[PDB]
Amino acid sequence: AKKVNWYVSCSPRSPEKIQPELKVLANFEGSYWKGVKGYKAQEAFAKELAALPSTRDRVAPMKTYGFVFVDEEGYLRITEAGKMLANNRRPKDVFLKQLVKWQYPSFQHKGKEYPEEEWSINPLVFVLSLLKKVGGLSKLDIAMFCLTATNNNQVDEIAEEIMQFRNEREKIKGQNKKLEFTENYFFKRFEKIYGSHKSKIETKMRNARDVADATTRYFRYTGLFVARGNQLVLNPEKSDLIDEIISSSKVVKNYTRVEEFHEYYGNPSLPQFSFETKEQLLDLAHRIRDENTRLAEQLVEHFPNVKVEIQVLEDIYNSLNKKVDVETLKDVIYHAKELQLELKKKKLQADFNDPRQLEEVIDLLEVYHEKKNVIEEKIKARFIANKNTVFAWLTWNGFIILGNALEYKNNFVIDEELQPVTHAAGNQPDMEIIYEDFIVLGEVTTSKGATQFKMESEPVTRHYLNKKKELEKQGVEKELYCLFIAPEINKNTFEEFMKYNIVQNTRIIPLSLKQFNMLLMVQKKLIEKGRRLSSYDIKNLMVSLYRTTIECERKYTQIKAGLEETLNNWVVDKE
């Protein structure tokens with residue numbers, strides 16, 4: 001069949017899950033991977049991969065992005081880029097270079113299915129060029145206009161097409177009217193592309209939306225794209241790099257034979273960018289240093305928890321006193337950008353001095369009281385991420401609002417402008433908030449009732465108990481607490497956590513969403529008076545709420561009334 005769309009695999013739909021897969025797979029280099037002989041190694045790979053906290057489907061994206069291949073002699077090979085990713089060496093940069101070289105046709109996609117007459121496109125560079133024209137693209141815009149683009153020369157065509165669709169769309173007045181126009185236009189377009197019947201043309205529309213979701217996750221992971229509202233846009237801090245990616249991008253023709261193609265495609269040094277010399281990488285390293293220094297110096301007086309990053313900045317750059325080569329500079333540049341992201345988290349503290357920025361987080365959190373239909377439409381209008389990940393994102397902004405932490409360790413994925421992308425892994429809490437003399441894990445859910453009990457009871461207590469174990473191994477002498485936050489906390493989930501606190505020595509504190517927002521309103525009201533919560537105030541809240549859970553008499557009614565009692569004493573104390 002002649003394909004009419006390119007796609008980003010949803011297995012996994014988020015790219016940070018590839019590294020553990022590929023690390024497992026690298027143990028199978030030199031194994032035979034094709035034909036009757038190949039069956040043995042592939043099943044062994046599935047057995048080991050399973051232990052992580054269909055095989056053909058799992059490998060296909062690692063073939064698509066140039067991490068692995070099968071040589072003409074049939075053996076499994078790991079490209080150099082695959083070697084870098086498996087070793088977790090600058091993984092976001094590996095993905096950027098691989099996804100820039102990514103092309104149709106390729107070794108994975110060639111022949112009759114993808115004839116040169118139709119196919120000549122670098123998917124990511126295409127969206128870069130398109131974005132230049134149309135400013136932003138929602139996931140739906142990607143599902144409608146971008147997946148069916150097959151050639152880099154359609155940028156202007158589709159750019160013009162999108163502006164006409166949007167100008168006609170605006171003329172429709174009422175939101176519900178606009179949905180019909182959008183779904184019909186979407187329906188009509190896929191009918192000419194892919195031409196009961198209704199389901200077949202509808203399933204293609206659903207798949208387009210599922211693929212556009214993974215596409216946004218993979219593109220934002222490169223850093224070249226961020227999210228503004230529910231729209232994918234170019235990263236304004238990457239403008240010069242984007243221009244050079246567009247100008248130097250190409251579809252190579254030497255893709256029919258596997259060795260010749262992956263000599264190019266598997267090389268993570270390619271494309272080599274202009275600034276990737278020792279001289280210009282020194283400039284880039286220093287330019288990032290002055291950006292981070294400016295960021296920290298603006299905050300250090302009112303927010304001395306930025307000293308954490310200041311000291312890490314120093315550790316990173318003092319490597320350059322030992323060696324000044326291209327590899328060390330790239331490590332210096334990559335770590336300093338991660339550290340810049342941490343400084344932006346601390347910077348949010350200063351922004352939240354503005355009450356409307358602070359009140360934004362509170363009002364966004366109140367949406368979750370609303371029925372499920374109201375929440376999804378309100379979140380989809382303002383975020384690319386799903387409503388569950390955004391809840392973790394809001395609660396994590398809530399902690400930033402309260403202040404005083406040395407580290408606001410989100411475990412869910414954010415992009416280069418701190419917007420949410422993907423949920424936290426299942427073997428990790430949604431966030432870890434590290435203070436000077438205590439740690440607070442954050443676990444949130446939008447689920448209710450019996451599904452909430454099944455969904456959270458074991459993962460929450462497991463995350464707490466694993467973190468406690470790891471703190472002891474590390475020798476960190478800090479009390480560990482966990483805040484469990486849901487719009488409505490199920491009775492059974494509450495009582496299982498109370499059991500764990502008193503029987504297994506956990507320190508899990510269930511707060512309703514209403515009670516978590518109460519903490520934000522208290523801090524908001526203190527900022528109006530020129531005051532703010534101290535680290536002590538937050539520690540005192542955790543200790544007291546924890547003491548209530550193990551000292552109150554073993555009655556769900558009395559412990560719940562005690563927690564509200566303890567919380568109201570802390571709030572009245574702030575006056």
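Atom set for the values below is all heavy atoms of this structure, side chains included, hydrogens, waters and symmetry mates excluded. By convention here, the first residue in the shown sequence is residue 1.
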Trainee: Would you sort out whether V8 and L147 count as a side-chain contact (heavy atoms from CB on, under 4.5 Å), showing the intermediate values?
Mentor: CA-CA 9 Å; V8 175; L147 300 181; over 6 Å; no
Trainee: For residues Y408 and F399, establish whether the separation of their ring centroids is below 6.0 Å.
Mentor: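 No: the rings miss the under 6.0 Å criterion.
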Trainee: Does any part of the side chain of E432, heavy atoms only, come nearer than 4.5 Å to the side chain of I434, both counted from C-beta?
Mentor: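 In short, these two side chains touch, coming nearer than 4.5 Å.
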Trainee: Look only at the side chain of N87 and the backbone of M84, and say whether a donor-acceptor pair between them is shorter than 3.5 Å.
Mentor: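 Such a contact is absent between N87 side chain and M84 backbone.
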Trainee: Write down the atom of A296, the atom of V306, and the distance for their closest heavy-atom approach.
Mentor: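 For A296 versus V306, the nearest heavy atoms are O-CG2, 4.1 Å.
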Trainee: Between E48 and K23, is the salt bridge (charged side-chain N to carboxylate O under 4.0 Å, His left out) condition met? List the steps.
Mentor: CA-CA 11 Å; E48 179 181 343; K23 175 169 197 55; over 6 Å; no
Trainee: Assess the side chains of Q340 and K337: does a donor N or O sit below 3.5 Å from an acceptor N or O?
Mentor: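 Short answer, yes.
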Trainee: Which is it for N410 and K345 under the side-chain hydrogen bond (donor to acceptor under 3.5 Å, both in side chains) test, yes or no, and what are the steps along the way?
Mentor: CA-CA 10 Å; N410 55 294; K345 295 169 177 186; 2.6 Å; yes
Trainee: Can you give me the closest heavy-atom contact between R220 and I384, atom names plus distance?
Mentor: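 Shortest heavy-atom contact: NH1-CB, 3.8 Å.
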Trainee: Has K34 got more than 12 heavy atoms of other residues, nucleotides or ligands less than 6.0 Å from its NZ?
Mentor: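 Counting other residues, nucleotides and ligands, NZ of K34 stays at 12 neighbours or fewer.
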Trainee: Ignoring hydrogens and angles, state whether a donor on the side chain of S274 or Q280 is under 3.5 Å from an acceptor on the partner side chain.
Mentor: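 Not at all, the side chains of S274 and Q280 share no donor-acceptor pair under 3.5 Å.
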Trainee: I need the minimum non-hydrogen distance between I142 and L232, along with the two atoms involved.
Mentor: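 Heavy atoms of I142 and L232 come nearest at CD1-CD2, 4.2 Å.
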Trainee: Give a yes or no on whether a salt bridge exists between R217 and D213, defined as a side-chain N under 4.0 angstrom from a carboxylate O.
Mentor: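 Here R217 pairs with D213 in a salt bridge, since their nearest N and O are under 4.0 Å apart.
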Trainee: Are any of the side-chain heavy atoms of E417 and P236 separated by less than 4.5 Å?
Mentor: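 Of all side-chain heavy-atom pairs linking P236 with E417, at least one is under 4.5 Å.
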Trainee: If you measure from the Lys or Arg side-chain nitrogens to the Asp or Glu carboxylate oxygens, is any gap between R77 and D71 under 4.0 Å?
Mentor: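 Between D71 and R77 there is a salt bridge, with a charged N closer than 4.0 Å to a carboxylate O.
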Trainee: Taking atom types as modelled, find out whether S319 and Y317 have a side-chain donor-acceptor pair closer than 3.5 angstrom.
Mentor: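 Short answer, no.
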Trainee: Under the salt bridge (charged side-chain N to carboxylate O under 4.0 Å, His left out) criterion, do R294 and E291 qualify, and how do the steps go?
Mentor: CA-CA 5 Å; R294 280 163 213 144; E291 293 171 4; 5.6 Å; no
Trainee: Do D141 and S138 have side-chain atoms, one donor and one acceptor, less than 3.5 Å apart?
Mentor: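 Distance-only check passes for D141 and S138.
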Trainee: Less than 6.0 angstrom separating the ring centers of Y104 and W119, yes or no?
Mentor: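 Centroid distance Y104-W119: below 6.0 Å, so yes.
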Trainee: In this structure, are over 12 heavy atoms from other groups packed under 6.0 Å from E244 atom CD?
Mentor: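 Yes.
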Trainee: Give a yes-or-no answer on whether the side chains of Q108 and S106 include a donor-acceptor pair shorter than 3.5 Å.
Mentor: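 Side chains of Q108 and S106: no pair found under 3.5 Å.
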Trainee: Can you tell me how far the CZ atom of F67 sits from the CD atom of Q19, to the nearest 0.5 Å?
Mentor: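 These two atoms lie 10.5 Å from each other.
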Trainee: Assert yes or no for the condition that the ring centre distance of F107 to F261 is strictly below 6.0 Å.
Mentor: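 Centroid distance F107-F261: not below 6.0 Å, so no.
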Trainee: Does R257 come within less than 4.0 Å of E260, counting only side-chain N to carboxylate O?
Mentor: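 So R257 does not pair with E260 through a salt bridge.
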Trainee: Report yes if the distance between the aromatic ring centroids of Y218 and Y221 is under 6.0 Å, otherwise no.
Mentor: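 Judged by ring-centre distance (under 6.0 Å), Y218 and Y221 do not meet the cut-off.
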Trainee: Keeping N151 on the side-chain end and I121 on the backbone end, is there a donor-acceptor pair under 3.5 Å?
Mentor: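 It does not hold such a pair.
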Trainee: Which atoms form the tightest heavy-atom contact between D415 and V421, and what is the distance?
Mentor: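 For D415 versus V421, the nearest heavy atoms are N-CG2, 3.8 Å.
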Trainee: CG/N411 to OG1/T422 distance, rounded to the nearest 0.5 angstrom?
Mentor: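 Those atoms lie 13.0 Å apart.
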Trainee: Please check: side-chain N/O of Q154 versus main-chain N/O of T150, any donor-acceptor pairing under 3.5 Å?
Mentor: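 Present.
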Trainee: Return yes if some donor-acceptor pair links the side-chain N/O of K253 with the main-chain N/O of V251 below 3.5 Å, else return no.
Mentor: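 Judged by distance alone, yes, a pair lies under 3.5 Å.
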Trainee: Kindly say whether the aromatic ring centers of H109 and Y114 come within a distance under 6.0 Å.
Mentor: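 They qualify: ring centres under 6.0 Å apart.
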Trainee: Can you find a pair of side-chain heavy atoms, one from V68 and one from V59, that are under 4.5 Å apart?
Mentor: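 Touching, per the 4.5 Å side-chain cut-off.
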Trainee: Would you check, one step at a time, whether the test salt bridge (charged side-chain N to carboxylate O under 4.0 Å, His left out) holds for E416 with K92?
Mentor: CA-CA 11 Å; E416 300 290 291; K92 287 177 165 180; 3.4 Å; yes
Trainee: If you count the non-hydrogen atoms of other residues, nucleotides and ligands that lie under 6.0 Å from CD in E436, is the total more than 12?
Mentor: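 It does not: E436 CD has 12 such atoms or fewer within range.
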Trainee: Scan side-chain atoms only and decide if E443 and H463 contain a donor-acceptor pair under the 3.5 Å cut-off.
Mentor: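 Yes, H463 and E443 have a side-chain donor paired with an acceptor closer than 3.5 Å.
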Trainee: Can a salt bridge be assigned to the pair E470 and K467 using a cut-off of 4.0 Å between side-chain N and carboxylate O?
Mentor: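 Yes, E470 and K467 are salt-bridged.
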Trainee: Please report the C-alpha distance between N152 and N122 in whole Å, then the side-chain angles of each, then the deciding distance to 0.1 Å, and finally whether the side-chain hydrogen bond (donor to acceptor under 3.5 Å, both in side chains) criterion is met.
Mentor: CA-CA 7 Å; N152 292 324; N122 311 101; 3.0 Å; yes
Trainee: CD of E80 to CG of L270: how many Å apart, nearest 0.5 Å?
Mentor: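 Output value for this atom pair is 11.5 Å.
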Trainee: Quick one: closest heavy-atom pair of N386 and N388, and the distance?
Mentor: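 Smallest interatomic distance, heavy atoms only, reads OD1-N, 2.7 Å.
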Trainee: Closer than 4.0 angstrom, basic N to acidic O: yes or no for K344 and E237?
Mentor: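 Result for this pair is yes, salt bridge flagged.
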Trainee: Without swapping roles, check the side chain of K101 against the backbone of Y265 for a donor-acceptor pair under 3.5 Å.
Mentor: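 The answer is yes, because a donor-acceptor pair under 3.5 Å joins these two groups.
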Trainee: Give the intermediate values and the outcome of side-chain hydrogen bond (donor to acceptor under 3.5 Å, both in side chains) for residues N207 and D210.
Mentor: CA-CA 5 Å; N207 288 335; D210 292 2; over 6 Å; no
Trainee: Salt bridge check, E327 against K330: does any charged N sit closer than 4.0 Å to a carboxylate O?
Mentor: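 The answer is no: the pair does not qualify as a salt bridge.
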Trainee: Between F412 and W393, is the ring centre distance below 6.0 Å?
Mentor: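 No: the rings miss the under 6.0 Å criterion.
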Trainee: Is the shortest distance from a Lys or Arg side-chain nitrogen in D243 or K132 to a carboxylate oxygen in the other one below 4.0 Å?
Mentor: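 Yes, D243 and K132 are salt-bridged.
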Trainee: Quick check: does any side chain N or O of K97 sit under 3.5 Å from a backbone N or O of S269, one acting as donor and the other as acceptor?
Mentor: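 Present.
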Trainee: Can you tell me how far apart CH2 (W102) and OG1 (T64) are? Round to the nearest 0.5 Å.
Mentor: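 That separation rounds to 7.5 Å.
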Trainee: Find out whether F69 and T79 are in side-chain contact, i.e. whether some heavy atom of one side chain is under 4.5 Å from a heavy atom of the other.
Mentor: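 SC-SC contact between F69 and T79 confirmed.
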Trainee: Are the side chain of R58 and the backbone of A46 linked by a donor-acceptor contact shorter than 3.5 Å?
Mentor: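 Flag not set: sc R58 to bb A46 has no pair under 3.5 Å.
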Trainee: Between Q98 (side chain) and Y65 (backbone), is there a donor-acceptor pair under 3.5 Å?
Mentor: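 Answer holds: yes.
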Trainee: Would you check if the side chain of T222 reaches a backbone N or O of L224 as a donor-acceptor pair within less than 3.5 Å?
Mentor: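 Yes.
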Trainee: Give a yes or no on whether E477 atom CD has more than 12 heavy-atom contacts from other residues, nucleotides or ligands under 6.0 Å away.
Mentor: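 No.
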Trainee: In sequence, state the C-alpha distance, the side-chain angles, and the governing distance for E263 and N267, and then conclude on side-chain hydrogen bond (donor to acceptor under 3.5 Å, both in side chains).
Mentor: CA-CA 6 Å; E263 264 184 15; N267 186 338; over 6 Å; no
Trainee: Which heavy-atom pair separates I78 from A26 by the least distance, and what is that distance?
Mentor: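 Here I78 and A26 meet closest at CD1-CA, 4.0 Å.
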Trainee: Output yes when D325 and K278 qualify as a salt bridge under the 4.0 Å nitrogen-oxygen rule, no when they do not.
Mentor: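 Salt bridge absent between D325 and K278.
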Trainee: Between the side chain of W33 and the main-chain N/O of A41, is any donor-acceptor distance below 3.5 Å?
Mentor: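 It does not hold such a pair.
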Trainee: Tell me if the NZ atom of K478 is crowded by more than 12 foreign heavy atoms within 6.0 Å.
Mentor: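 Enclosed: over 12 neighbouring heavy atoms sit under 6.0 Å from NZ of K478.
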